[PDB]
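S.K.: Test case, fold it:
(chains A, B, C, D, E, F and G, ligands or ions: 9)
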Amino acid sequence: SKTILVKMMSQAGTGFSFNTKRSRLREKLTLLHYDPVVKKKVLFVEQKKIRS
Amino acid sequence: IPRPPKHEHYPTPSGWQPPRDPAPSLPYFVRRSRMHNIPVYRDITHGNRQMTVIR
Amino acid sequence: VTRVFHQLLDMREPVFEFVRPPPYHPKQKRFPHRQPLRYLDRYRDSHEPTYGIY
Amino acid sequence: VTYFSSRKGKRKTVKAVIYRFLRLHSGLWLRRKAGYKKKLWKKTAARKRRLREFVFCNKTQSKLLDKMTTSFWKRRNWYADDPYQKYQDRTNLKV
Amino acid sequence: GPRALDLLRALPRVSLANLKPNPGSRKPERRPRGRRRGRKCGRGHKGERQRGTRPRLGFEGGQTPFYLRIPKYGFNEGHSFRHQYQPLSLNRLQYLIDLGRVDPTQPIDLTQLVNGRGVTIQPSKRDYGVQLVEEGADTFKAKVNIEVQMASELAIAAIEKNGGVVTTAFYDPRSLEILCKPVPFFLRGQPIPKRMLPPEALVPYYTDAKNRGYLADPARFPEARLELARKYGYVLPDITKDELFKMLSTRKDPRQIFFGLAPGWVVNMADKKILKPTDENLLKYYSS
Amino acid sequence: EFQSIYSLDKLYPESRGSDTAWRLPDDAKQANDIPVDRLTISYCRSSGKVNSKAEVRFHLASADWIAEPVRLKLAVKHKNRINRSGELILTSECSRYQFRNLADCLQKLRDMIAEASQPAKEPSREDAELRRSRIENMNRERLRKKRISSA
RNA sequence: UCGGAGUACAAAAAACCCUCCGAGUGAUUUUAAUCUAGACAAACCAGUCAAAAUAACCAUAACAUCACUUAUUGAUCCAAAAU
Ligand SMILES: [Mg+2]
Ligand SMILES: [Mg+2]
Ligand SMILES: [Mg+2]
Ligand SMILES: [Mg+2]
Ligand SMILES: [Mg+2]
Ligand SMILES: [Mg+2]
Ligand SMILES: [Mg+2]
Ligand SMILES: [Mg+2]
Ligand SMILES: [Mg+2]
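M.R.: Numbering: from 1, shown residues only, chains lettered A, B, ... in the order given. Ligands and ions are numbered 1, 2, ... in the order given. See below for the structure:
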């Protein structure tokens, strides 16, 4: 099995990104992270796939 | 360099005080600098040696 | 209580603080090595520029 | 380092230094940490911070960088708006 | 005076034959001769160093050099283009007036500061002029008309309180050069050039009455000037009613370098004459 | 007598005369809050950290430039910093320049008068440091609750 | 190249084409912020801890967890991304 490095984006409309290792054969990742600009715990959805 | 202007009050705002009218009776004399200040300087050497020179 | 000091004891009223000791800093070094820039601010006297002969 | 140039007979500066360091007037040199832009997802928050710092060089390095750099880079600068003007002098140093 | 003189009667002539350099003045050089300084002569033994060939300065012996493993970061980035304002404290200005180097009577601009050697400007280093700092504010008692290229609120206030006038003016590099050292410029045999405007970055600075900008709208001046006095709690004097007021209001044209001269004139210093263009095109150009 | 395309008169046609800038609009601000002549301003110069204490004293009841309702509310909120001789006392510390200190004092005074002259001030209190106060109050009120007359 | 045990018996350090095990990652959700006293370690580069203070959330709510947990990693430049 390989994992993957995906770029994850805030739904807070603030451009903010953080990269995460996620299982290749798994579903598109969605998390609750901390956005520094809005200073809140918000929903992050995976925008892009960076590294393999 | 201009001789300093006479004032009505000493010492001046910047704290500069002219020499006296007569000279004292001491058996030594300390000239003013060409800028009319008292020639006491500080000097360092080797970064740690602090000295004070009277010229 | 304020009334007491003025009215009875014929005094000014003393007020106190709680003062904590100043934070401990190591001896300052000529070449602080691998130390954040803000190092130079710990030994700073007061925050105000001073232009020495200028 | 070129100690005597060909045309001018002066002493050249090594620019590769001027790009990555910053000389305060006191003689302290300042540098970024190494690998601070590299592989960030793999690192701790704490470590990330330790990397984001601006740090000072030890004496040896300072003398080295001085030798690799001409006199111009050691002059007293007054820049408008300068972040670092605060840091150029040294205070309360008992040595 | 010098009792030493009295000894000099007793001693033989001072001549070329007896002259001693001050002891310690010359540390005698040493040569690789003899048992001590010979036989390897301070160079060590074999290796690269005794032969003279050790590598260049930054080289660490092949491990990636210290000065190259650190990443590049703009520090000195675009440094040559940053603007540099030589600071002048109120402390030094006062000290200068007190000893009568600069006189507060006539208007004080850069050239006056330079001529008193209270300050030194080197345009080649991208000095754009003097900036005024507040170091001596509390102690500053003099009354002046001053023109600098930058100033701080506190400095300004400190000058207003004593009934003087501060104005911030801009000079381009060429202008500045001419302004600091006028007499070497007049030996150049060239007309007096126009003063350039500020670039787009510095315009919002010199257009504000906040800064007492030379390009500012004088309608705003008394207002802001009073605002200062509200903030620092002092009664603002009426400059209008003073006897030196004619000197205090004195300006320069935004296009003019000096006081009382004009762009395009030529100073003939051997004859003590000025020469002015009568031509229409020249007068249109210099006066625009 | 030089003039340019860019001169001060042709840039701003409206104002011209050389005395335009130095006019004093005393009619513009007639409010004149804090008539500084009426304050006692003391300077304690502490040099060593180098800081200059600047102090502003004035009699509260005898100060007429503030309205009566405001003059009374001030003596309530700030009674801590009022003096037995009736003096309100402000103090600033920070800068080495006493201009800046005086400015801090005056700004403090302006703000006190501002919030006291606002009837809309609700005096909102935080529960952070006052939780101890409310609870220890309530709990000394459990004991205080004993009812029989005395003296 | 990196780690654990012995060699190296009790602070640290300590070699061998010395004796033995490992690592070049998984799995999971508790998705693990900002800033800063003081230290460990150290030729340098790199590594480590960490109070107070802010902001997040119960409305006085900051150590990701497990696999011996220790190791699961790579400087500058330069390239791609646009934040
Ligand atoms: Mg010396
Ligand atoms: Mg020789
Ligand atoms: Mg020998
Ligand atoms: Mg021999
Ligand atoms: Mg030999
Ligand atoms: Mg050898
Ligand atoms: Mg200079
Ligand atoms: Mg140690
Ligand atoms: Mg904490």
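S.K.: Now do the same contact list for residue 43.
M.R.: With no chain named, the answer covers chain A. With Cβ atoms under 8 Å, 6 or more residues apart in numbering or on different chains as the criterion, the residues that contact residue A:43 are A:10, A:11, A:12, A:30, A:31, A:32, A:33. C-betas here are computed from N, CA, C, even on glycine.
S.K.: sorry, should have said chain C
M.R.: C:25, C:28, D:91, D:92, D:93.
S.K.: distance of it from RNA strand G?
M.R.: Distance of residue C:43 to RNA strand G, computed by Cβ to the nearest atom of the strand, to the nearest Å: 9 Å.
S.K.: ok so, going back, turn the contacts of residue A:43 into CSV, columns for distance to chain E and secondary structure.
M.R.: CSV is the format used below for the contacts of residue A:43 (distance: Cβ to the nearest Cβ, whole Å; DSSP: H, G, I helix; E, B strand; the rest coil):
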residue, distance to chain E, secondary structure
A:10, 28, strand
A:11, 33, coil
A:12, 30, coil
A:30, 35, strand
A:31, 31, strand
A:32, 34, strand
A:33, 28, strand
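S.K.: for the residue of chain F found nearest chain C, helix, strand, or coil?
M.R.: Here the residue of chain F nearest chain C is residue F:84; by Cβ to the nearest Cβ that distance is 4.6 Å. The local conformation at residue F:84, judged by DSSP: H, G, I helix; E, B strand; the rest coil, is coil.
S.K.: In the chain, which residue is most central in space?
M.R.: You didn't say which chain, so I picked chain A. Geometric centre of chain A, nearest residue: residue A:8, 2.3 Å, by Cα atoms, centre = their mean.
S.K.: You answered for a different chain; I wanted chain C.
M.R.: Note: chain C centre (Cα atoms, centre = their mean) maps to residue C:22, 7.1 Å.
S.K.: which SS class is that residue?
M.R.: coil.
S.K.: what sits against it?
M.R.: Applying Cβ under 8 Å, 6+ apart to residue C:22 gives no contacts.
S.K.: With residue D:45 as the reference, measure out to it.
M.R.: Look at residue C:22 and residue D:45: by Cβ to Cβ, to the nearest Å, they are 31 Å apart.
S.K.: Over to residue E:2?
M.R.: In terms of Cβ to Cβ, residue E:2 sits 75 Å off from residue D:45.
S.K.: ditto for residue E:233
M.R.: Taking Cβ to Cβ, one finds residue E:233 at 48 Å from residue D:45.
S.K.: The two - which one has more neighbours?
M.R.: Neighbour count, other Cβ atoms under 10 Å in any protein chain shown: between residue E:233 and residue D:45, residue E:233 has more, with 20 against 7.
S.K.: Quick check: that one touching residue F:101?
M.R.: No - counting by Cβ atoms under 8 Å, no contact exists between residue E:233 and residue F:101, whose distance comes to 10.2 Å.
S.K.: thinking again about what came up before, what is the nearest of the contacts of residue A:43 to ligand 6?
M.R.: residue A:33 (60.0 Å; Cβ to the ion).
S.K.: how about the helices in chain C?
M.R.: C:2-7 (DSSP state H).
S.K.: near chain F, which residues of it show up?
M.R.: Proximity of chain C to chain F, by Cβ under 8 Å from any Cβ of the partner chain, involves residues C:2, C:5, C:6, C:12, C:13, C:45, C:46, C:48.
S.K.: 7 Å instead, please
M.R.: Residues of chain C lying close to chain F by Cβ under 7 Å from any Cβ of the partner chain are C:6, C:12, C:13, C:45, C:46, C:48.
S.K.: The fourth one touches residue D:92, doesn't it?
M.R.: Read that as residue C:45. Yes - the pair residue C:45 / residue D:92 is scored as a contact, 6.3 Å apart, by Cβ atoms under 7 Å.
S.K.: which of the contacts of residue A:43 are buried?
M.R.: A:10, A:33 (16 or more other Cβ atoms under 10 Å in any protein chain shown).
S.K.: For chain F, just list every one of the helices.
M.R.: So, for chain F - with DSSP H - the helices run F:8-11, F:68-77, F:98-117, F:131-143.
S.K.: who wins for proximity to residue F:89 among these?
M.R.: Among the helices of chain F, the nearest to residue F:89 by Cβ to Cβ is helix F:98-117 (9.9 Å).
S.K.: and the closest one, what other elements does it pack with?
M.R.: helix E:153-160, helix E:221-232, strand F:51-59, helix F:68-77, strand F:87-92 (3 or more Cβ pairs under 7 Å, 6 or more residues apart in numbering or on different chains; DSSP states H and E).
S.K.: Just the angle for the last one relative to helix F:98-117, thanks.
M.R.: Taking axes from the mean of the first three to the mean of the last three Cα atoms, to 10 degrees, strand F:87-92 and helix F:98-117 form an angle of 130 degrees between their directions.
S.K.: in the stretch 51-200 of chain E, which spans are helices?
M.R.: E:66-69, E:90-98, E:110-115, E:153-160, E:173-180, E:182-186 (DSSP state H, counting those that start in this stretch).
S.K.: looking at those helices, which is closest to chain F?
M.R.: Per Cβ to the nearest Cβ, nearest to chain F of the helices of the stretch 51-200 of chain E: helix E:153-160, 5.9 Å.
S.K.: distance of the residue of chain C found nearest ligand 6 from chain E?
M.R.: The nearest approach of chain C to ligand 6 comes at residue C:33, 32.0 Å away (Cβ to the ion). Distance of residue C:33 to chain E, computed by Cβ to the nearest Cβ, to the nearest Å: 13 Å.
S.K.: What is the neighbour count of the nearest residue to that residue once chain neighbours are set aside?
M.R.: Closest residue to residue C:33 apart from its sequence neighbours, by Cβ to Cβ, 6 or more residues apart in numbering or on different chains: residue D:58 at 4.2 Å. Neighbourhood size, residue D:58 [other Cβ under 10 Å]: 14.
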